[PDB]
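Each answer follows from the model by the rule given with it, or from the source it names; no laboratory instrument gave them. Note: ideal-geometry Cβ built from the backbone for every residue, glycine included; neighbour counts use all protein chains shown.
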Amino acid sequence: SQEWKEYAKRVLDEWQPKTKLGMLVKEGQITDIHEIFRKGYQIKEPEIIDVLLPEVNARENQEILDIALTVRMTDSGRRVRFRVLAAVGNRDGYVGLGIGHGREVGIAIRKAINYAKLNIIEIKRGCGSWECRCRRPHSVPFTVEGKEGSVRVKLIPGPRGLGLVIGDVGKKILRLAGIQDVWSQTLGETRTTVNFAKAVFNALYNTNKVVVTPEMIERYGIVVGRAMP
Amino acid sequence: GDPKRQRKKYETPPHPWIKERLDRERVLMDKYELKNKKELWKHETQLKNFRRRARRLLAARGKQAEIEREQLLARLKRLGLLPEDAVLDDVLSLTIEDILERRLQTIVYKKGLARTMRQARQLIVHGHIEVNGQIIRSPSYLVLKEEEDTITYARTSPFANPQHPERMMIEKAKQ
Amino acid sequence: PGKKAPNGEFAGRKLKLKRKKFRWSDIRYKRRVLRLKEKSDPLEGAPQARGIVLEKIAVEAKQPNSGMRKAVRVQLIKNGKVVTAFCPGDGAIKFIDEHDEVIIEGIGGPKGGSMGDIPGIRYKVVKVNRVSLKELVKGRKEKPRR
Amino acid sequence: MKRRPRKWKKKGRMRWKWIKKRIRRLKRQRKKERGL
Amino acid sequence: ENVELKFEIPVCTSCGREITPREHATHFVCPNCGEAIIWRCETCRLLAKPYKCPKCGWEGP
Amino acid sequence: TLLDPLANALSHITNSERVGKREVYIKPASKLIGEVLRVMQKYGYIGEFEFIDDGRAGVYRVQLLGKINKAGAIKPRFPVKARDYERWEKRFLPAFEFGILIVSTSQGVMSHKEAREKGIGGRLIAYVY
RNA sequence: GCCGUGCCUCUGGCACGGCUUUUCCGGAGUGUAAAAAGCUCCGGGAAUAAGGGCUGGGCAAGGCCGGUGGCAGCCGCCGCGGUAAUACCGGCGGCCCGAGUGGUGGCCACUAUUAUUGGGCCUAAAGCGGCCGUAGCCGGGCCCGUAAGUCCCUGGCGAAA
RNA sequence: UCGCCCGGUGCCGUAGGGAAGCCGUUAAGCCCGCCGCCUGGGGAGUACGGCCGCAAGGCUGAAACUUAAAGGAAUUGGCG
Ligand SMILES: [Mg+2]
Ligand SMILES: [Mg+2]
Ligand SMILES: [Mg+2]
Ligand SMILES: [Mg+2]
Ligand SMILES: [Mg+2]
Ligand SMILES: [Mg+2]
Ligand SMILES: [Zn+2]
Ligand SMILES: [Zn+2]
Ligand SMILES: [Zn+2]
């Protein structure tokens, strides 16, 4: 697991930090991904993530969900623009989704991948199904739902071995976060992939708004972030 | 109403042209040298029925549901697919390449009785192997555990003589 | 609007009645229970039929298109009706002659209707003189009875 | 007459106050001219 | 991965509801005491709910 | 008009605790309401409660702890057999033991987890989780 | 059909050597009311045995060559063709299933487009112009009875397939 | 003239809801009830039948066929 540990050392030297969090990460005060989140900081440099979660840019922890091209009219023609939708994440507990625009497909992908890192979140995994009652981080620990635009999404826990039975794009997002088994129920128009993608993202975020007692944890297996890499 | 119809014992895919699945099945067919696809979906179904049984005896409780629970372990390990210490929750982490390892073809090849995998098919179909003092001529037969050691060449086969010109090319690989 | 009308415990009769009442605002159900397809259908619930051709015709295609599609008039045998049927293939019309018997299938469009730019036609020819048409179009077989 | 406000919308049609007046004249002719 | 309580999650000092990863919360040392850290969730900051230090009794915004 | 004094209470509770309140007043106070508060307490959802008399049916003061996600009434009050609970637990609750389902059994009011230990049934009145 | 060694476009085709006999032809038993199939044995021989639909997007697979010129034709839907066609018609490559593979009609899922689980009614389909009331559905707090609804235990039943 | 409680009538606005315009204790929010209506656009509020009115007219109300969109809320321009 080393090829992405010399990347961290190379970036951590020629990077001049400009915000407070960058100063902290460079001075060795902050040294783990799990302690930049629940504090109300702000993340404006993408190099806070290339140093603390280096394998986020591994080309198999990246994904391009869709590419569109859109237009605005003028008395001298049609001014064209792109729209890429990208997601990144290590397949342990951390995911991000961003969009990014440009005049060419290459610049747009770069901005998509860049903004995906700054909009990152951590989630909870477990096993809450009636059929499989193991205690292993392979699914969603309970029913959660999220929404965006006109799309409503619900995710339900499923037993170990069943695939990810959700739509065509939900698999990428749910698989970059570390899940492997789920069920699903959808309303609204699922053919606008931006709103469908943002609904699944919102559900995975809502995973951590449900109040739970300390006894439920050693019944569903709830882990937050990495679970023994 | 209507009387009984005989039904198919396999299932086709929901969509026929998914790329990431044609790519996954094109490998299992060259590694075990199965004849067509309907020969592959039959084993997937043999596994999915076990899985769907363990999901119901896992939520259920009662007197006879108990009896149905420990008949699934008993056979499922009489068939060599589980060990002698396994609890019910180990039915859910079984794989397709565990059932494809129990065909008579793959076993008569993994015991050194054939030089390759497409030759074991011919040895089974032309009637040279024997399973427990009994010629069997069907390569898809799942071998049990109490008899995966009593497998040889037929007593009346040309291969049952360590001077045959074709048997001498077989042991020439075992070192 | 309020909650929903008969959500009581002893209100089963009214709930069933509301459902049976509004199921008739459908079109796939009303058309299946009153059997409206039969009583107006020249083929009478068959997958195929047979007729005897009266004349050969040509139709004009739709608006964003150009060209003439060749067809025939068939006079059915079980009814006596007269329908209009389409001859699929490159050069097929040179194998259909008047006083011939032809077999007729649907043309496979939306809801059972017509397809593509031939808008009013809803049947197509499959067999001529007990000899398939697909063969005749591509050599491979010869046409009996002249 | 049980009319529906989708037809007062005038986009690709003529006015409905004037289609009503023309349906009424035919419902009359079918009545007098041997509507018995 | 060396789970000896690898971390814990902070909770709001007024309602006791733990804090989600990206919300507009805050924390600061207790005024008038200097000995306790005080958390406020976004929804207890938005509608100004009182808090009180768990050590002395000083109350409210 | 008024048709259900128990539904009003449970919706009041879940509306109040969602905006951050720490006390509520359940105005028309049956003893079914009190009996359901008793079992919402033993499982740790509310604090302590008292009955105040006001000359007209009395009131209930209850302190909240911010420990519930949702509470409501199962209205049509279906009956259940003593071996058919999971069919309803899969409809109202979010995982295989997440929260309680309150049942009006022939020996009082109790959660379905204590009805399955005696093996009895009854009418479902509410659910909390 | 299989195995070994070489050559080449390397997933496959060839040249040399060897092997087997499920299937195929003759023959002897057993089988059968009599036959026939089947089954156990002999003697020959790689010898007797691959189609159908697809190849622009949905949807796996070609930006290769010759024809036709808004004409022939294709098209479930969107859509191709006007003398420079990856979309029609032929050649040669390739893809999916395979003793099958395509075409037309019917029912279920798709469809939360019949909604008890579980939909809508300001502007998209849709709140009666307004109000009074008969049947029916829904109905405030406590105390004492009954045991019809409801729940648990137990006898007789709900044919075989 | 100032402050408070109850009932009507207006505006700016949190949480929340909505495809948005926008609604927001006088809900288009979260609940417990009852009744009336809706099911792609046309054909058509038509034909045939019934009941009311002195007439003009009101109320109830289909199908053969035909079509791939018809509708809504907001953007950039071009234009008056
Ligand atoms: Mg071609
Ligand atoms: Mg493709
Ligand atoms: Mg609808
Ligand atoms: Mg309207
Ligand atoms: Mg009462
Ligand atoms: Mg029976
Ligand atoms: Zn599990
Ligand atoms: Zn708080
Ligand atoms: Zn203090």
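Here are the numbers for this structure:
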read-out: Of residues in segment B:119-155 being of a type in the set (A, V, I, L, M) and in contact (Cβ under 8 Å) with a residue 40 or more places away in the chain, the one farthest from residue B:43 (Cα to Cα); value: B:151
read-out: Among the candidates A:131, A:215, residue that is within 14 Å of chain F (Cβ to nearest Cβ) and not in a loop (DSSP other than H, G, I, E, B); value: A:215
read-out: Qualifying residue in segment A:183-196 (condition: on the phi < 0 side of the Ramachandran plot, of a type in the set (S, T, N, Q), touching a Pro at 6+ places or on another chain (Cβ under 9 Å) and assigned to a loop (DSSP other than H, G, I, E, B)); value: no
read-out: Subset of segment A:218-229 [more than 8 Å from chain E (Cβ to nearest Cβ) and within 21 Å of residue A:92 (Cβ to Cβ)]; value: A:218, A:220, A:221, A:222, A:223, A:225
read-out: Residue A:110 being part of a loop (DSSP other than H, G, I, E, B), farther than 25 Å from residue B:51 by Cβ and without any contact (Cβ under 8 Å) to a residue 40 or more places away in the chain; value: no
read-out: Residue match in segment A:62-77 (condition: part of a loop (DSSP other than H, G, I, E, B) and either of a type in the set (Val, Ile, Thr) or within 16 Å of RNA strand H (Cβ to nearest atom) (or both)); value: yes
read-out: All helices (runs of 4 or more DSSP H) inside segment F:1-115 with 2 or more residues being farther than 30 Å from residue A:139 by Cα and within 16 Å of RNA strand H (Cβ to nearest atom); value: F:5-16, F:32-42
read-out: Residue that is farthest from RNA strand G (Cβ to nearest atom), among those in segment C:71-93 that are farther than 22 Å from residue C:117 by Cβ and not in a strand (DSSP E or B); value: C:80
read-out: Residue match in segment A:190-197 (condition: surrounded by fewer than 16 Cβ atoms within 10 Å (Cβ to Cβ) and out of contact with any strand residue (DSSP E or B) (no Cβ under 7 Å at 6 or more places or on another chain)); value: yes
read-out: Qualifying residue in segment B:150-173 (condition: within 19 Å of the chain's Cα centre (by Cα), farther than 14 Å from residue B:106 by Cα and assigned to a loop (DSSP other than H, G, I, E, B)); value: yes
read-out: Residue check, residue C:141 outside any loop (DSSP other than H, G, I, E, B), of a type in the set (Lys, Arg) and either away from RNA strand H (no atom under 16 Å from the Cβ) or within 23 Å of residue C:44 (Cα to Cα) (or both); value: no
read-out: Residue within segment A:164-171 that is closer than 29 Å to residue A:52 by Cα and surrounded by fewer than 18 Cβ atoms within 10 Å (Cβ to Cβ) present; value: yes
read-out: Identity of the residue in segment E:20-52, under 9 Å from the mean Cα position of the chain (by Cα) and of a type in the set (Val, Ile, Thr), that ends up farthest from the other protein chains (Cβ to nearest Cβ); value: E:38
read-out: Members of segment A:32-74 found to be more than 20 Å from residue A:176 (Cα to Cα) and aliphatic (A, V, I, L, M), listed by number; value: A:36, A:43, A:68, A:69, A:71, A:73
read-out: Answer residue from segment A:127-144, given it is free of Cβ contacts under 8 Å to residues at least 60 places away in the same chain and away from RNA strand G (no atom under 16 Å from the Cβ) and is nearest to residue A:92 (Cα to Cα) among those; value: A:138
read-out: One residue from A:106, A:89, A:128 being farther than 30 Å from residue A:159 by Cβ, away from ligand 8 (no atom under 16 Å from the Cβ) and small (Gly, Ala, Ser); value: A:106
read-out: Residue pairs meeting the criteria (Cβ under 9 Å; at least 6 apart or on separate chains; first among the hydroxyl-bearing types (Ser, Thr, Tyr), in segment C:19-38; second within 9 Å of RNA strand H (Cβ to nearest atom)); value: C:29/C:23
read-out: Flag if residue C:11 is within 14 Å of chain F (Cβ to nearest Cβ) and either surrounded by 11 or more Cβ atoms within 10 Å (Cβ to Cβ) or within 16 Å of ligand 7 (Cβ to nearest atom) (or both); value: yes
read-out: Meets criteria (farther than 30 Å from residue A:158 by Cβ, in the same structural domain as residue F:128 (by CATH), under 15 Å from the mean Cα position of the chain (by Cα) and surrounded by 15 or more Cβ atoms within 10 Å (Cβ to Cβ)) for residue F:62; value: no
read-out: Considering residues of segment E:2-14 that are more than 9 Å from the chain's Cα centre (by Cα) and surrounded by 10 or more Cβ atoms within 10 Å (Cβ to Cβ) only, the residue farthest from ligand 8 (Cβ to nearest atom); value: E:6
read-out: Hits in segment F:62-85 - residues which are within 16 Å of residue F:114 (Cβ to Cβ) and within 14 Å of chain A (Cβ to nearest Cβ); value: F:85
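Condition check ((1) of a type in the set (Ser, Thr, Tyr); (2) out of contact with any helix residue (DSSP H, G or I) (no Cβ under 9 Å at 6 or more places or on another chain)) across all residues:
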site: A:131; (1), (2): no, no
site: A:153; (1), (2): no, no
site: A:164; (1), (2): no, no
site: A:174; (1), (2): no, no
site: A:179; (1), (2): no, no
site: A:192; (1), (2): yes, yes
site: A:203; (1), (2): no, yes
site: A:219; (1), (2): no, yes
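The rows are residues; the columns are (1) in contact with a strand residue (DSSP E or B) (Cβ under 6 Å, 6 or more places away or on another chain); (2) polar (S, T, N, Q); (3) away from chain E (no Cβ under 14 Å).
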| site | (1), (2), (3) |
| --- | --- |
| A:3 | no, no, yes |
| A:8 | no, no, yes |
| A:11 | no, no, yes |
| A:24 | no, no, yes |
| A:29 | no, yes, yes |
| A:33 | no, no, no |
| A:41 | no, no, no |
| A:51 | no, no, yes |
